[PDB]
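K.L.:
This is the structure I want to talk about, given as structure tokens.
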Amino acid sequence: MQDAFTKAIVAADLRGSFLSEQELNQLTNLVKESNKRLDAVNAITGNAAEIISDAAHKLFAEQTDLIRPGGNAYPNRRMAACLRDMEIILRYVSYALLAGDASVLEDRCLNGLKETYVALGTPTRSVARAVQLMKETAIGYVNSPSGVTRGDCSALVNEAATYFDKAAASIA
Amino acid sequence: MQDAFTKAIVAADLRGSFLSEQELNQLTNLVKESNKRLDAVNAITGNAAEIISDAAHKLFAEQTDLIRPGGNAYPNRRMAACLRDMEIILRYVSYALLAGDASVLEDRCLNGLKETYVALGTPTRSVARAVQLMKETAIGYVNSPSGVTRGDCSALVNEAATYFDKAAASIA
Amino acid sequence: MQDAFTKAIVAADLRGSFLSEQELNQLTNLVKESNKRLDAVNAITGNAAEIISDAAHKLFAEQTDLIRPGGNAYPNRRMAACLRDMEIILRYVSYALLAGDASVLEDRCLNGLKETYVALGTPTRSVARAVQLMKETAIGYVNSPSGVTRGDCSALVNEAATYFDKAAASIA
Amino acid sequence: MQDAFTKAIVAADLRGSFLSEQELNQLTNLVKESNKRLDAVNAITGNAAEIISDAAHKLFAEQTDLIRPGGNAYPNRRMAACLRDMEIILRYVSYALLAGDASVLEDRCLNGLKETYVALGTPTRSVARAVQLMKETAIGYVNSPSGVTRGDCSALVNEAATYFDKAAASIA
Amino acid sequence: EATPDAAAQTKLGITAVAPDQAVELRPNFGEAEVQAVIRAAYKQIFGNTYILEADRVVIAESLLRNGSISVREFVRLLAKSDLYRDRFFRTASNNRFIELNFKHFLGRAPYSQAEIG
Amino acid sequence: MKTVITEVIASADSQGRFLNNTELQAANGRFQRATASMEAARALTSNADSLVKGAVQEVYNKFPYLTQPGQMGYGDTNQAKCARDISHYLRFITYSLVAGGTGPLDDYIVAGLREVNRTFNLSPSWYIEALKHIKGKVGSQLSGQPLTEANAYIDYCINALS
Amino acid sequence: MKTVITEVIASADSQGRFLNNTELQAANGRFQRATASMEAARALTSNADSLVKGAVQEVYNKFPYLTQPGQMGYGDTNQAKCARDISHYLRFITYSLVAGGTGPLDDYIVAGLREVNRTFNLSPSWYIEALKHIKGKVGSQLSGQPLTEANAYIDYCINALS
Amino acid sequence: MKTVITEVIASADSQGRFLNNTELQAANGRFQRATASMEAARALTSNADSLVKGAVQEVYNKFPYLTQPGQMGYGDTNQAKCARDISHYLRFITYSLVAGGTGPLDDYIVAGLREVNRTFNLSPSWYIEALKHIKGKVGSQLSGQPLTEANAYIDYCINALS
Amino acid sequence: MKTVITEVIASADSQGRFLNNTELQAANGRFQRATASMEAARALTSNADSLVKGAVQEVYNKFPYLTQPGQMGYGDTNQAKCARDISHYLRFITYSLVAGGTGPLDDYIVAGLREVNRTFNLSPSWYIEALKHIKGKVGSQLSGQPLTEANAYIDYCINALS
Ligand SMILES: *[C@H](C)[C@H]1/C(=C/c2[nH]c(/C=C3N=C(/C=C4\NC(=O)C(CC)=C4C)C(C)=C\3CCC(=O)O)c(CCC(=O)O)c2C)NC(=O)[C@@H]1C
Ligand SMILES: *[C@H](C)[C@H]1/C(=C/c2[nH]c(/C=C3N=C(/C=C4\NC(=O)C(CC)=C4C)C(C)=C\3CCC(=O)O)c(CCC(=O)O)c2C)NC(=O)[C@@H]1C
Ligand SMILES: *[C@H](C)[C@H]1/C(=C/c2[nH]c(/C=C3N=C(/C=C4\NC(=O)C(CC)=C4C)C(C)=C\3CCC(=O)O)c(CCC(=O)O)c2C)NC(=O)[C@@H]1C
Ligand SMILES: *[C@H](C)[C@H]1/C(=C/c2[nH]c(/C=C3N=C(/C=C4\NC(=O)C(CC)=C4C)C(C)=C\3CCC(=O)O)c(CCC(=O)O)c2C)NC(=O)[C@@H]1C
Ligand SMILES: *[C@H](C)[C@H]1/C(=C/c2[nH]c(/C=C3N=C(/C=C4\NC(=O)C(CC)=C4C)C(C)=C\3CCC(=O)O)c(CCC(=O)O)c2C)NC(=O)[C@@H]1C
Ligand SMILES: *[C@H](C)[C@H]1/C(=C/c2[nH]c(/C=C3N=C(/C=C4\NC(=O)C(CC)=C4C)C(C)=C\3CCC(=O)O)c(CCC(=O)O)c2C)NC(=O)[C@@H]1C
Ligand SMILES: *[C@H](C)[C@H]1/C(=C/c2[nH]c(/C=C3N=C(/C=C4\NC(=O)C(CC)=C4C)C(C)=C\3CCC(=O)O)c(CCC(=O)O)c2C)NC(=O)[C@@H]1C
Ligand SMILES: *[C@H](C)[C@H]1/C(=C/c2[nH]c(/C=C3N=C(/C=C4\NC(=O)C(CC)=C4C)C(C)=C\3CCC(=O)O)c(CCC(=O)O)c2C)NC(=O)[C@@H]1C
Ligand SMILES: *[C@H](C)[C@H]1/C(=C/c2[nH]c(/C=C3N=C(/C=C4\NC(=O)C(CC)=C4C)C(C)=C\3CCC(=O)O)c(CCC(=O)O)c2C)NC(=O)[C@@H]1C
Ligand SMILES: *[C@H](C)[C@H]1/C(=C/c2[nH]c(/C=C3N=C(/C=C4\NC(=O)C(CC)=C4C)C(C)=C\3CCC(=O)O)c(CCC(=O)O)c2C)NC(=O)[C@@H]1C
Ligand SMILES: *[C@H](C)[C@H]1/C(=C/c2[nH]c(/C=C3N=C(/C=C4\NC(=O)C(CC)=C4C)C(C)=C\3CCC(=O)O)c(CCC(=O)O)c2C)NC(=O)[C@@H]1C
């Protein structure tokens with residue numbers, strides 16, 4: 001795979017050089033945030049089930065037709081898939097969040113997804129929507145925990161967002 | 001696969017005919033050369049390791065960038081592949097030489113090799129170069145043995161060349 | 001696998017020694033007979049189908065019950081197997097004959113054969129019988145060929161026998 | 001798999017009870033030693049290659065016959081296997097050492113090994129010997145490192161021994 | 001009389017293989033990831049026998065990198081190998097061979113005498 | 001059983017390599033954390049009982065009808081079982097804290113959870129409440145990292161149940 | 001196509017190894033044999049026709065009823081076919097002699113032999129006689145190794161047919 | 001590339017499960033160590049050159065004959081290469097310290113090491129000395145955990161080379 | 001063990017067919033060659049010793065430093081081993097000549113060659129010289145095909161070693 005550290009390495013390698021002092025300071029800083037970073041991840045994983053459950057409810061309240069005969073979330077079999085997919089995307093996002101890098105998400109998960117959805121006749125728009133619904137709920141937890149030392153997580157929060165968005169975009 | 005004999009057959013088959021006397025005489029004489037033919041092959045196989053070793057040295061002295069960071073023969077892992085490939089090509093060439101037919105070399109190795117190399121970002125030109133470097137060294141041995149009955153191998157030598165060249169061309 | 005030559009080697013190896021001059025002379029002699037040896041094999045392979053066909057007829061003339069309902073060669077399905085088996089055994093025997101060594105026959109074919117037959121309820125006795133019937137027919141050809149230079153094949157003939165017999169014994 | 005912690009759990013489970021306060025204090029203490037424990041492992045892994053190399057030399061100086069034609073370590077192929085085996089045994093031992101439990105060693109590594117050795121004809125006693133030779137060398141490193149904070153590792157050292165010995169015994 | 005869960009496994013030493021981890025080759029696989037599938041395949045497909053440097057099959061595993069062939073095709077190339085023949089088939093009887101092929105190709109053993117036939 | 005330590009061994013073992021720095025780093029992580037984990041376990045172990053009572057109880061408040069005759073919550077046997085079960089969940093959680101991995105939970109509780117529950121018509125919902133109620137209580141006796149750990153594991157089950 | 005030369009290449013190719021002494025020895029065997037083989041082919045090629053006539057004929061003597069109306073041997077079309085077919089067999093045999101392997105035979109004649117023959121109700125027996133009759137004639141024009149070779153291939157078919 | 005973080009992701013990913021407490025514990029380990037690791041890298045990076053000179057040199061003392069004409073150590077080109085190579089080893093080591101895993105080492109240096117070395121007749125021995133000499137020098141500029149880390153990685157190569 | 005004869009059997013066996021002309025041709029090759037092969041073996045076997053001394057010696061000339069104290073070439077034990085080893089190479093070569101295939105070489109010498117050599121730090125180079133020196137001497141006692149055969153096998157090892 002790849003992640004923040006490995007990435008920087010690789011770049012450095014092609015230049016053929018030791019790591020720039022500047023570049024170290026990216027990583028040095030990254031370390032400092034770790035604890036925050038971790039809690040963020042922990043928050044998602046802890047609430048996973050819920051995040052999804054929630055998003056779904058809202059998705060189906062909005063796009064009633066998905067669950068009507070002839071729609072894409074009907075019948076049960078399909079519905080199941082739709083739920084499963086949402087979850088997966090989430091799973092990956094989390095992974096990325098820990099790594100500190102989109103890659104894993106892009107390569108295992110997002111790559112080819114649009115086209116699949118297309119071929120099946122799944123409405124990409126709706127998928128994207130779901131992803132956002134998820135995003136908001138997820139942030140909700142990341143950003144409002146209990147028994148964590150109070151401080152600023154914004155930086156992480158935004159990066160989280162981006163991941164969700166890469167997803168939304170590439171699917172859409 | 002195919003070889004000189006089989007080939008002639010197949011042709012004859014489509015005409016629907018017994019082999020022409022003329023055609024037999026190709027094969028008759030082909031047989032006569034066997035012994036020479038064999039020794040030629042034996043010479044390559046016997047010197048294999050060296051042929052490669054040699055060619056490589058020269059390849060890297062010329063195209064120094066291949067072995068610099070960012071080049072295609074760096075790092076070790078890649079280098080290894082590059083060596084391996086050279087060898088393979090050689091192996092097939094030899095095979096052809098015995099068969100008395102290009103086919104085996106082209107079908108097993110050359111068909112699609114270029115494209116592979118391209119997709120990877122391997123510089124096809126350099127590959128081709130290597131193949132030639134090999135060619136020259138190889139001929140060197142074929143043509144200058146010791147303790148073999150002295151005689152004219154030219155005919156074989158040229159055919160050898162051609163095989164190498166088909167390789168060079170299709171890769172390039 | 002193994003054959004006459006390889007075998008002698010292996011022995012020599014454990015002693016840790018170069019091959020004894022005496023031992024070479026076994027192999028030297030063995031070579032000389034080659035031509036005979038080959039023709040023998042050729043004779044079997046050439047007549048294969050027949051050898052079997054014949055043996056079978058005789059087998060069933062003797063043990064009528066095998067082909068009666070309740071017997072082991074009935075119904076068709078079983079009959080087929082029985083024929084198939086005979087053939088195989090033959091095939092191997094031939095192989096051995098060429099190698100100049102029982103091994104191949106023992107390892108691929110004879111090893112476990114009895115027990116198989118037992119588990120199935122195949123009557124080992126009858127199997128053995130078949131093998132002999134085959135033996136005699138086969139020798140018949142080996143020993144009476146057409147267009148071959150006349151001389152003494154006895155030595156080979158006997159070795160052939162032995163192979164057949166090893167088979168008969170281990171099955172039985 | 002299993003290790004020190006997991007094990008204690010399982011015991012507790014069969015009693016059907018929460019962990020005894022006394023029992024916690026075993027684990028609490030075990031933790032405290034971690035750092036020592038780790039360094040021990042690190043020492044083995046760091047010296048691995050050599051440990052083996054060494055042991056081998058001594059093994060073959062003692063049991064000359066293993067390397068003589070007819071012995072079990074001759075020829076090359078066999079020798080190679082023997083070296084691989086030594087490494088595997090070592091590898092496991094280390095694993096155990098980290099886990100703080102024999103199990104892993106017993107199940108993956110030692111389980112079946114005697115029987116294998118028997119089938120091969122490999123002399124179990126010699127194997128055991130090798131294992132010991134290794135043991136001593138290994139301890140050597142564990143116990144005499146450089147740049148580590150000075151203190152007492154005995155406790156660990158002995159446990160290491162035991163692992164080696166379980167190996168020796170079960171093979172033998 | 002109490003047994004730890006997974007006592008049955010620890011007796012019979014099937015502990016490692018009972019639930020068995022699957023290895024999957026994934027897209028844009030790394031260089032270490034492929035090395036691990038190869039490692040796995042040679043352990044299962046070959047027998048747990050030792051593959052020495054010489055033994056390894058360079059051409060087949062080169063194709064596995066760069067996704068020319070899938071792992072299912074990789075396994076097929078391994079199974080048709082001097083090396084697979086030399087071990088397994090050439091020394092075995094057809095009953096021992098077929099029973100070995102079940103196992104390495106599919107974890108199960110043969111369910112019935114018909115399958116062998 | 002999945003703990004940090006077992007995993008790295010496993011991974012090392014698969015690749016066929018010695019434990020190198022990579023894995024030890026990981027192990028170190030487990031050991032540093034332990035101090036907090038262990039603390040949490042001591043706290044749960046002590047208050048066990050009280051937590052259990054409280055939970056069982058809660059469930060009934062949440063689902064009054066269970067206690068009516070002809071229901072599942074009704075008649076002591078069932079209540080006893082209900083208690084027992086929750087005890088278990090707790091027990092395992094402690095275990096997992098100490099073992100430093102979900103392993104204990106996975107193998108005892110989670111594996112086969114669904115089918116058991118289906119065949120005996122135990123509603124996941126119930127368990128969940130139990131847990132939640134617990135989580136809330138634990139959220140007093142503990143604090144900082146110790147707390148954090150406790151939660152993680154408790155949740156892990158919630159998610160498995162749901 | 002299976003000839004000596006192709007096989008050793010194949011075997012070498014599979015293992016991924018250079019052609020070493022082992023294989024060349026084999027090759028040497030072929031090509032040494034060729035001289036005899038080639039001779040045989042020249043002999044068959046020349047007498048082709050005459051061999052064919054003789055064979056076809058034979059078959060009819062052997063199976064008189066074929067020539068009766070409503071049978072297969074009856075009416076010229078069929079006779080033509082019958083001729084054609086045998087020609088083929090012969091043709092291939094020559095090929096195989098020259099190629100120095102059964103290859104040509106296997107791929108043209110043998111593969112699918114059964115089913116073809118079944119679906120069109122060609123009786124193997126017939127072909128066989130043809131061949132035998134041939135073999136007998138060839139047993140005059142040739143001698144020594146040349147002969148031996150001719151036989152081998154002719155037989156090879158007999159066995160495949162039967 | 002194998003680092004702590006990538007591995008746990010991988011393992012999680014294979015099973016198809018979310019990152020649970022087990023893995024995070026591990027990650028945490030990596031991050032705590034980093035501070036020491038990073039320090040070590042700063043130290044090697046700075047003294048690089050000097051380490052390299054010293055090493056190359058050493059090798060020649062250890063193997064005088066290399067510097068004789070017609071040998072490998074002889075003539076500047078070779079010396080240049082020799083330098084380059086060791087630089088590389090070092091470079092990668094630093095990388096690995098920072099990445100917190102052997103990953104970088106494995107993929108650049110180790111994979112294919114053998115064959116390269118065989119085909120160009122580089123004796124592992126040499127490299128080894130280089131490393132050892134280095135290790136000895138590093139054993140002054142560093143101390144405590146930073147040191148320990150440096151060693152680990154340096155060794156890792158020794159073992160791979162041997 | 002791979003000899004011509006074993007291979008054709010194997011190939012025949014795989015396809016599931018009787019040995020047909022194809023294979024026999026090959027076999028014939030092996031047998032006719034044998035006469036030369038056998039001759040070569042008689043020649044090597046006789047001069048063995050002398051060849052060995054000469055080789056060992058050579059190696060030392062080529063690599064003087066080996067004989068210095070604290071090196072591998074130094075002290076009789078090592079010299080004895082060195083002798084032993086080369087004897088082996090020779091022994092096997094003879095075997096292979098007689099067996100008519102590389103088989104004997106592959107299984108004794110080649111398989112596992114690398115790792116052995118790595119673990120004990122035997123430099124392939126040495127062996128090679130030994131062989132070369134040998135090859136040169138053999139290039140006097142033999143001539144024509146006998147010679148050719150001898151070379152083939154000798155080389156085969158050179159290539160395996162390198
Ligand atoms: C960010 C979204 C929210 C937030 C986070 C936050 N966390 C800390 C500090 C820590 N959190 C952890 C978490 C872990 N460390 C581990 O090893 C693991 C896995 C086993 C976890 C879950 C730890 C240990 C710390 C340090 C000590 C502590 O008491 O927290 C902070 C403090 C800043 C820092 O980086 O130390 C913060 C701010 N707080 C919020 O308000 C955000 C919503
Ligand atoms: C060396 C002269 C040049 C060079 C070679 C090079 N090749 C690769 C990668 C591959 N090469 C092949 C090709 C073959 N494999 C086969 O099976 C056959 C016969 C059909 C051939 C000829 C393949 C399969 C690959 C890809 C996968 C693999 O590594 O095996 C590389 C490595 C590229 C990479 O990204 O790892 C290299 C270096 N390139 C040079 O720099 C030289 C000029
Ligand atoms: C040609 C590249 C160079 C050359 C070859 C050459 N060879 C011969 C004759 C023979 N060579 C062989 C060799 C073999 N026959 C085999 O069966 C095998 C494999 C086991 C080999 C390797 C043989 C046996 C002969 C026949 C006579 C002999 O004793 O060598 C010649 C002479 C011409 C001929 O065809 O007989 C020649 C010219 N020597 C050269 O001059 C070329 C540089
Ligand atoms: C014929 C002379 C007798 C006969 C034979 C018979 N055999 C079977 C079944 C099998 N026989 C074998 C044979 C072999 N297994 C090997 O591995 C080898 C060597 C490579 C041989 C020769 C095997 C594998 C089977 C089992 C598979 C199968 O059932 O086809 C049968 C069928 C048994 C049944 O009940 O279906 C028979 C009949 N039996 C006779 O009556 C003859 C005396
Ligand atoms: C023995 C069972 C019967 C017999 C055989 C026999 N054959 C020869 C001589 C030869 N036969 C062959 C046959 C082959 N050599 C090959 O290479 C091949 C496969 C490609 C075959 C089929 C050859 C070439 C010879 C040598 C030439 C010749 O025909 O003479 C003999 C003579 C003895 C000898 O060669 O030393 C004999 C006896 N003849 C009998 O009397 C038996 C019935
Ligand atoms: C025991 C065989 C020898 C010994 C060990 C020893 N080690 C320490 C202390 C530490 N060792 C480590 C090592 C690690 N911790 C990790 O997290 C990792 C993996 C990344 C390693 C390799 C650490 C961090 C410590 C703490 C600081 C320190 O170096 O002291 C001690 C001190 C006692 C303690 O409880 O820590 C000792 C004794 N020393 C010997 O003399 C033995 C031969
Ligand atoms: C070396 C100290 C001694 C020695 C060992 C030895 N072993 C073999 C062959 C095998 N050894 C094993 C063992 C293992 N497989 C495993 O996975 C494990 C660990 C879990 C072990 C220990 C196996 C399976 C083999 C067979 C290898 C194969 O399949 O090819 C040999 C070689 C025997 C042979 O002929 O292959 C040897 C020599 N024997 C000694 O003499 C030393 C004292
Ligand atoms: C409590 C919230 C409710 C309740 C529970 C209840 N459970 C059962 C029966 C079982 N409960 C379990 C659960 C476990 N047993 C285990 O072994 C484990 C893993 C360690 C768990 C989590 C099981 C397996 C059973 C079935 C076997 C058994 O006989 O107990 C019952 C009885 C169900 C029945 O139909 O007999 C009940 C009622 N009781 C309450 O009051 C709550 C509604
Ligand atoms: C001669 C003994 C008898 C005979 C033969 C005959 N053959 C056919 C038809 C076919 N014959 C063949 C055979 C071949 N075709 C091939 O391609 C090859 C391999 C190169 C062979 C051996 C085939 C395929 C056919 C099918 C149709 C066709 O003609 O191609 C017939 C016609 C039967 C019909 O009704 O189709 C006949 C009669 N003719 C005689 O009189 C003899 C009894
Ligand atoms: C120094 C200890 C000795 C020495 C070295 C020397 N090295 C080479 C050639 C190569 N060395 C390497 C090593 C690497 N290249 C890589 O890509 C990597 C991993 C990233 C490493 C470690 C390689 C690949 C080569 C071959 C390519 C090349 O030579 O450019 C030589 C040249 C030998 C030759 O060309 O035959 C030498 C001499 N020389 C000394 O002074 C020391 C004894
Ligand atoms: C001779 C050119 C140099 C030399 C050699 C030397 N060899 C060893 C040790 C071994 N050599 C071998 C070789 C073989 N043993 C086999 O079984 C086979 C296959 C049949 C071969 C080729 C082996 C395996 C060993 C290791 C076991 C043993 O003790 O023999 C040494 C000793 C190395 C050591 O570390 O003790 C030496 C020195 N000696 C010289 O003078 C030359 C430099």
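We label chains A, B, ... in the order they appear in the structure tokens, count residues from 1 in each chain, and number ligands from 1 in the order shown.
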Show which residues sit within 9 Å of segment 89-103 of chain E, as a count of residues only. Count only C-alpha atoms, and ignore same-chain residues fewer than 5 positions away.
P.N.:
22
K.L.:
In chain C, what's helix (DSSP H, G or I) per DSSP? Answer as a ChimeraX atom specification?
P.N.:
/C:4-15,21-62,64-67,76-99,103-110,113-120,124-142,154-171
K.L.:
Can you pull out every residue within 8 Å of residue 1 of chain G, counting only C-alpha atoms, but drop anything in the same chain fewer than 2 positions away, and send it as a list in words?
P.N.:
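Result of the neighbour search: residues 1, 2 and 6 of chain B; 3, 6, 103, 104 and 107 of chain G.
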K.L.:
Sort by chain and increasing residue number a table of all residues of chain C within 8 Å of chain D, each with its closest pair of atoms and their distance in Å to one decimal, counting only C-alpha atoms, and write it as a Markdown table.
P.N.:
| residue | atom | partner | partner_atom | distance |
| --- | --- | --- | --- | --- |
| C:13 | CA | D:69 | CA | 7.0 |
| C:14 | CA | D:70 | CA | 5.1 |
| C:15 | CA | D:69 | CA | 7.3 |
| C:16 | CA | D:69 | CA | 5.6 |
K.L.:
Let me make sure I understand: among G:4, G:83, G:12, G:152, which one has the smallest atom-to-atom distance to chain E if we use only C-alpha atoms?
P.N.:
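With only C-alpha atoms as the atom set, the closest residue is G:12.
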K.L.:
Show me which bits of chain F are within 9 Å of chain D, counting only C-alpha atoms, as an MDAnalysis selection string.
P.N.:
chainID F and resid 1:3 5:7 9:10 12:13 16:21 24 27:28 31:32 34:35 38 42 45 48 91:92 94:96 98:100 103:104
K.L.:
Counting only C-alpha atoms and all ligand atoms, name the residues that have an atom within 8 Å of an atom of ligand 1; the answer should be given as a PyMOL selection string.
P.N.:
(chain A and resi 32-40+42-43+142-145+148-154+156-157) or (chain F and resi 29+33+144-145+148-149) or (chain H and resi 21-22+24-29)
K.L.:
Step by step, measure atom-to-atom distances between ligand 7 and each residue using only C-alpha atoms and all ligand atoms, keep those at most 6 Å, then write them as a PyMOL selection string.
P.N.:
(chain D and resi 66+72-73+78-79+81-83+85-86+88+108-109+113+120+122+126-127+130) or (chain E and resi 49-50)
K.L.:
Between atom 33 (C, counted along the ligand's line) of ligand 8 and atom CA of residue 84 of chain F, what is the spacing in Å?
P.N.:
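Value for the atom CA of residue 84 of chain F-atom 33 (C, counted along the ligand's line) of ligand 8 distance: 11.7 Å.
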K.L.:
Let me make sure I understand: among A:103, A:56, A:97, A:77, which one has the smallest atom-to-atom distance to chain E if we use only C-alpha atoms?
P.N.:
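Distance minimum relative to chain E lands on A:103.
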K.L.:
Name the residues in contact with segment 153-159 of chain H at a cut-off of 7 Å, using only C-alpha atoms, excluding same-chain residues fewer than 6 positions from it; report them as a list in words.
P.N.:
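The filter keeps residues 46 and 49 of chain D; 93, 128, 131 and 135 of chain H.
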K.L.:
Taking C-alpha atoms for each residue, export the selection above as a compact mmCIF listing (two decimals), in the first residue's frame.
P.N.:
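And here's part_23.txt as it stands now:
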# COMPACT_ATOMS: atom_id res chain seq x y z
CA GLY D 46 19.77 -9.34 15.04
CA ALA D 49 22.25 -15.63 10.52
CA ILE H 93 18.33 2.91 6.26
CA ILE H 128 29.09 -6.33 5.33
CA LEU H 131 28.11 -1.81 7.43
CA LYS H 135 27.71 0.49 13.00
K.L.:
Mind listing the residues within 8 Å of ligand 9, only C-alpha atoms and all ligand atoms counted, as JSON, numbers by chain?
P.N.:
{"G": [56, 59, 60, 66, 67, 72, 73, 74, 75, 77, 78, 79, 80, 81, 82, 83, 85, 86, 88, 89, 108, 109, 110, 113, 116, 117, 120, 121, 122, 123, 126, 127, 130]}
K.L.:
Nearest to ligand 2 among E:69, E:54, E:25, E:2, with distances taken over only C-alpha atoms and all ligand atoms: which residue is it?
P.N.:
E:69
K.L.:
Smallest atom-to-atom distance to ligand 3: which of I:90, I:160, I:8, I:36, using only C-alpha atoms and all ligand atoms?
P.N.:
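Ranking I:90, I:160, I:8, I:36 by distance to ligand 3, first place goes to I:36.
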K.L.:
List every residue of chain E that has an atom at most 10 Å from any atom of chain H, giving for each one its closest atom pair and the distance in Å to one decimal, counting only C-alpha atoms, sorted by chain and then by ascending residue number, as a tab-separated table.
P.N.:
residue	atom	partner	partner_atom	distance
E:21	CA	H:15	CA	8.5
E:22	CA	H:14	CA	8.2
E:23	CA	H:14	CA	7.8
E:24	CA	H:14	CA	7.8
E:26	CA	H:14	CA	9.8
E:30	CA	H:1	CA	7.1
E:31	CA	H:107	CA	7.4
E:32	CA	H:1	CA	6.8
E:33	CA	H:1	CA	8.7
E:35	CA	H:111	CA	9.9
